[PDB]
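Visitor: Questions regarding the structure given below will be posed in turn.
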Amino acid sequence: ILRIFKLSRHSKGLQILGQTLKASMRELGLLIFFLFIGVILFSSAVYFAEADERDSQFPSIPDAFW
Amino acid sequence: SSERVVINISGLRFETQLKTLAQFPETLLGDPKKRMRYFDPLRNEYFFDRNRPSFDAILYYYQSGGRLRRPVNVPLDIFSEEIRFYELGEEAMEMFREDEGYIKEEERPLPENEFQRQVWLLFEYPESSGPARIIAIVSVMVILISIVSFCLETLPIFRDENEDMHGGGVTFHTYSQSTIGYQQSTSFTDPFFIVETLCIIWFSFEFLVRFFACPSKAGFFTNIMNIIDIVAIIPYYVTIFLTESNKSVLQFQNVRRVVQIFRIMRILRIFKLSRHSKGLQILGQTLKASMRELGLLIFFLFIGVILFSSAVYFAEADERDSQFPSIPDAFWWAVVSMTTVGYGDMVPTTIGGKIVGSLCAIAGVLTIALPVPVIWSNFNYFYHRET
Amino acid sequence: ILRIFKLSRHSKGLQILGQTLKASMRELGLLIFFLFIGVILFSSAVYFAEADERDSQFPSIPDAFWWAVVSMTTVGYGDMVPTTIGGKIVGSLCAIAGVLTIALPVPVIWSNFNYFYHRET
Ligand SMILES: [K+]
Ligand SMILES: [K+]
Ligand SMILES: [K+]
């Protein structure tokens with residue numbers, strides 16, 4: 001499916017978005033990290049919060065990552 | 001005196017009264033001896049072969065009696081040089097910076113004692129030694145491991161294999177283990193207890209080493225980083241204390257809620273990474289700044305949940321299948337709708353309930369939207385204030 | 001429940017949001033109107049798009065008004081949803097549109113609000 005990116009040779013826009021990411025990597029990075037901290041943290045509390053219910057939809061903490 | 005003084009800045013002519021300059025006599029212009037060097041007796045003026053735009057601010061500083069505002073058109077580095085040049089003094093300079101948004105970092109306390117300095121440097125500056133850096137990695141590795149381990153403790157493949165995994169009974173060992181997350185034994189049979197103890201040994205180690213190698217023991221619990229360091233170990237020791245003080249099934253059962261609470265507190269160890277993350281720190285400062293807006297967002301949201309969850313309730317109250325039991329129940333719906341998450345586990349069925357619904361959405365879209373600008377700012381500040 | 005607004009006498013913020021709305025009414029107005037145009041239009045296409053299916057979740061066009069809003073505000077409960085390739089193409093658009101419609105007043109409010117706010121605190 002990466003063949004989709006072959007269009008970038010004929011798209012300025014694709015290219016512009018291309019350069020736009022490369023520049024932003026650091027912020028684009030933090031967004032991921034912050035999000036990570038927040039998933040582990042939140043998915044973790046919700047798990048225990050529902051752990052004593054007989055119908056917890058959260059099986060394990062890594063499950064609630066979703 | 002009102003005798004008039006002409007100061008020629010690279011051709012741009014300025015005039016003032018001598019008493020305006022005399023006002024501050026420590027300065028170049030205010031001191032006859034210092035400005036003498038620049039006097040042109042042929043033209044009766046002091047000449048400076050210097051940047052032009054900066055001057056008014058410099059002169060206005062005398063005329064205003066102290067106001068030193070940098071012109072909008074003048075770069076901060078050129079202006080500050082000009083200030084340095086004209087010898088306006090350290091006070092004016094500081095005020096200027098402060099008003100310019102630069103906060104003095106003051107100075108960092110120093111150990112003096114050769115040993116503490118020797119140690120403190122590789123426990124707070126990875127910079128200080130290649131070894132100091134090595135420690136840092138280990139600290140990050142241990143933190144990451146403590147997280148992965150804490151999480152795996154909840155995986156059914158592991159928790160679900162126990163002496164009463166098929167509903168058979170409760171065993172005090174099984175019951176405590178389940179609550180705690182691991183088996184606390186001297187035997188050290190349970191791998192989870194092993195990893196946790198190892199991790200907490202290190203964490204305990206860092207905290208101790210920092211508390212005895214730090215220059216000041218007074219500004220120690222003021223620092224949020226140290227607080228984090230402590231919080232990261234408090235659960236472990238408190239669990240031990242609690243279990244050994246209630247070594248009976250009924251006793252434990254009577255303190256289980258607290259044990260559970262500490263178990264959840266263990267996840268705060270995540271924040272230990274903030275000592276090694278600039279970003280975490282930048283987000284850290286970013287929140288503290290925004291609290292007021294971050295506050296209102298909460299309050300506005302509160303008003304909106306109570307209000308909206310309230311109308312939707314009554315709107316669906318006469319239906320035999322209202323998904324909204326009570327008004328406080330629909331608090332859940334309101335939030336989920338306003339944050340546009342919209343699970344769908346609750347939902348109005350009535351034309352009345354749906355009109356509320358629509359609004360409730362459109363509102364949350366706009367409420368939520370407000371703090372955004374604020375944060376981008378404080379954050380975009382503290383960020384470009386490092387990187 | 002309006003008694004909640006009694007707190008506005010003791011809240012600057014409530015007051016600031018208060019003034020912020022009054023100012024924005026015109027934009028706050030258009031947002032509503034644009035949204036209206038978009039619901040009628042979108043809820044209308046999705047209806048017909050699913051009309052020939054024996055399990056259309058959209059009974060009438062005014063019924064799908066609900067779907068439209070929920071989709072445009074991206075809440076997306078899921079209590080109603082197109083099943084057809086036609087209904088889904090409308091669906092997609094209907095979303096992307098609401099994302100952009102909704103987005104417009106935002107700048108306005110930040111302003112009026114950011115004004116009245118720093119005009120006190
Ligand atoms: K959404
Ligand atoms: K959603
Ligand atoms: K949804």
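Please note that chains go A, B, ... in the order of the structure tokens, that every chain numbers its residues from 1, and that ligands are numbered from 1 in the order shown.
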How close does chain C get to ligand 3? List, as a Markdown table, each residue of chain C within 10 Å, its nearest atom pair and the distance in Å to one decimal, counting only C-alpha atoms and all ligand atoms.
Guide:
```
| residue | atom | partner | partner_atom_place_in_ligand_line | distance |
| --- | --- | --- | --- | --- |
| C:70 | CA | ligand 3 | 1 (K) | 8.9 |
| C:71 | CA | ligand 3 | 1 (K) | 8.9 |
| C:74 | CA | ligand 3 | 1 (K) | 7.2 |
| C:75 | CA | ligand 3 | 1 (K) | 5.1 |
| C:76 | CA | ligand 3 | 1 (K) | 4.1 |
| C:77 | CA | ligand 3 | 1 (K) | 4.8 |
| C:78 | CA | ligand 3 | 1 (K) | 6.7 |
| C:79 | CA | ligand 3 | 1 (K) | 9.9 |
```
Visitor: Compile the residues of chain A that lie within 8 Å of chain B, evaluated using only C-alpha atoms, and express the compilation as a ChimeraX atom specification.
Guide: /A:30,34,37,41,44-45,48,59-62
Visitor: Hey, which residues sit close to ligand 1? Say within 12 Å, counting only C-alpha atoms and all ligand atoms, and write them as a PyMOL selection string.
Guide: (chain B and resi 336-343+361-362+364-365+368) or (chain C and resi 70-77+95-96+98-99+102)
Visitor: Deliver the residues from the most recent selection as a file, using N, CA, C and O atoms, as a CSV table (one decimal), in the first residue's frame.
Guide:
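File result31.csv, as written:
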```
chain,number,residue,atom,x,y,z
B,336,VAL,N,-19.7,13.1,28.4
B,336,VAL,CA,-19.4,12.4,27.2
B,336,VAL,C,-19.9,13.1,25.9
B,336,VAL,O,-19.3,13.0,24.9
B,337,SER,N,-21.0,13.8,26.0
B,337,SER,CA,-21.6,14.5,24.9
B,337,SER,C,-20.9,15.8,24.6
B,337,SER,O,-20.6,16.2,23.5
B,338,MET,N,-20.6,16.5,25.7
B,338,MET,CA,-20.0,17.8,25.6
B,338,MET,C,-18.5,17.7,25.2
B,338,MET,O,-18.0,18.6,24.5
B,339,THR,N,-17.9,16.6,25.5
B,339,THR,CA,-16.5,16.4,25.1
B,339,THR,C,-16.5,15.7,23.8
B,339,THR,O,-15.5,15.2,23.2
B,340,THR,N,-17.7,15.5,23.2
B,340,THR,CA,-18.0,14.9,21.9
B,340,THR,C,-17.4,13.5,21.8
B,340,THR,O,-17.2,13.0,20.7
B,341,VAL,N,-17.2,12.8,22.9
B,341,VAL,CA,-16.7,11.4,22.9
B,341,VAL,C,-17.9,10.6,22.4
B,341,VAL,O,-17.8,9.9,21.4
B,342,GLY,N,-19.0,10.8,23.0
B,342,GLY,CA,-20.3,10.1,22.6
B,342,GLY,C,-20.2,8.6,22.5
B,342,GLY,O,-20.4,8.1,21.4
B,343,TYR,N,-20.0,7.9,23.6
B,343,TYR,CA,-19.9,6.5,23.6
B,343,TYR,C,-21.2,6.0,23.0
B,343,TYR,O,-21.1,5.4,21.9
B,361,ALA,N,-24.1,19.3,22.9
B,361,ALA,CA,-22.9,19.0,22.1
B,361,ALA,C,-22.3,20.3,21.7
B,361,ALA,O,-21.2,20.7,22.1
B,362,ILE,N,-23.0,21.1,20.8
B,362,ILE,CA,-22.5,22.3,20.3
B,362,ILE,C,-21.9,23.2,21.4
B,362,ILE,O,-21.0,24.0,21.2
B,364,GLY,N,-20.5,22.1,24.4
B,364,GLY,CA,-19.2,21.5,24.8
B,364,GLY,C,-18.1,21.7,23.8
B,364,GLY,O,-16.9,21.8,24.2
B,365,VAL,N,-18.5,21.9,22.6
B,365,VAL,CA,-17.5,22.1,21.5
B,365,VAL,C,-16.9,23.5,21.8
B,365,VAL,O,-15.7,23.7,21.7
B,368,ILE,N,-15.1,23.8,25.8
B,368,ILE,CA,-13.9,23.1,25.7
B,368,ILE,C,-12.9,24.0,25.0
B,368,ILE,O,-11.7,24.1,25.4
C,70,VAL,N,-25.5,14.9,15.6
C,70,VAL,CA,-24.6,14.0,16.3
C,70,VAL,C,-23.4,13.8,15.4
C,70,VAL,O,-22.3,13.6,16.0
C,71,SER,N,-23.5,13.7,14.1
C,71,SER,CA,-22.4,13.4,13.2
C,71,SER,C,-21.6,14.6,13.0
C,71,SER,O,-20.3,14.6,13.0
C,72,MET,N,-22.3,15.7,12.7
C,72,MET,CA,-21.6,17.0,12.5
C,72,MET,C,-20.8,17.5,13.7
C,72,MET,O,-19.8,18.2,13.5
C,73,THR,N,-21.3,17.2,14.9
C,73,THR,CA,-20.6,17.7,16.1
C,73,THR,C,-19.7,16.6,16.5
C,73,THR,O,-19.1,16.6,17.6
C,74,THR,N,-19.5,15.6,15.6
C,74,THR,CA,-18.6,14.5,15.8
C,74,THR,C,-18.8,13.7,17.1
C,74,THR,O,-17.9,13.0,17.6
C,75,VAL,N,-20.0,13.8,17.7
C,75,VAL,CA,-20.3,13.0,18.9
C,75,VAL,C,-20.4,11.6,18.5
C,75,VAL,O,-19.7,10.7,19.0
C,76,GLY,N,-21.2,11.4,17.5
C,76,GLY,CA,-21.4,10.0,16.9
C,76,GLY,C,-21.8,8.9,17.9
C,76,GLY,O,-21.0,8.0,18.0
C,77,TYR,N,-22.9,9.0,18.5
C,77,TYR,CA,-23.4,8.0,19.4
C,77,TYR,C,-23.3,6.7,18.7
C,77,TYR,O,-22.5,5.8,19.1
C,95,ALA,N,-19.7,14.7,8.2
C,95,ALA,CA,-18.7,14.8,9.3
C,95,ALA,C,-17.8,15.9,9.0
C,95,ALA,O,-17.8,16.9,9.7
C,96,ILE,N,-16.9,15.7,8.0
C,96,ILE,CA,-16.0,16.6,7.6
C,96,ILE,C,-16.5,18.1,7.6
C,96,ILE,O,-15.8,19.0,7.8
C,98,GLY,N,-19.2,19.3,9.4
C,98,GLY,CA,-19.5,19.8,10.8
C,98,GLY,C,-18.2,20.1,11.5
C,98,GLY,O,-18.2,21.0,12.4
C,99,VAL,N,-17.1,19.5,11.1
C,99,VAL,CA,-15.8,19.8,11.7
C,99,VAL,C,-15.4,21.2,11.4
C,99,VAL,O,-15.0,21.9,12.2
C,102,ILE,N,-18.5,24.1,12.6
C,102,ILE,CA,-18.3,24.3,14.1
C,102,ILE,C,-17.1,25.1,14.3
C,102,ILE,O,-17.1,26.0,15.1
```
Visitor: Enumerate, as a VMD selection string, the complete set of residues in chain A that a backbone-based DSSP assignment places in alpha helix (DSSP H).
Guide: chain A and resid 12 to 51
Visitor: Contacts of segment 26-38 of chain B at 7 Å or less, counting only C-alpha atoms, minus same-chain residues fewer than 4 places along, as a PyMOL selection string?
Guide: chain B and resi 21-22+46-48+86-88
Visitor: Taking only C-alpha atoms into account, find every residue of chain B that has an atom no more than 10 Å from chain C, and write it out as a ChimeraX atom specification.
Guide: /B:292-293,295-297,299-300,303-304,306-308,310-311,336-349,351,354-355,357-359,361-367,369-374
Visitor: Which residue is closest to ligand 2? Choose from B:335, B:160, B:192, B:2 and count only C-alpha atoms and all ligand atoms.
Guide: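 The closest residue to ligand 2 is B:335.
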Visitor: Hey, what's within 12 Å of segment 139-143 of chain B if we count only C-alpha atoms and toss same-chain stuff fewer than 4 positions away? As a count of residues only, please?
Guide: 40
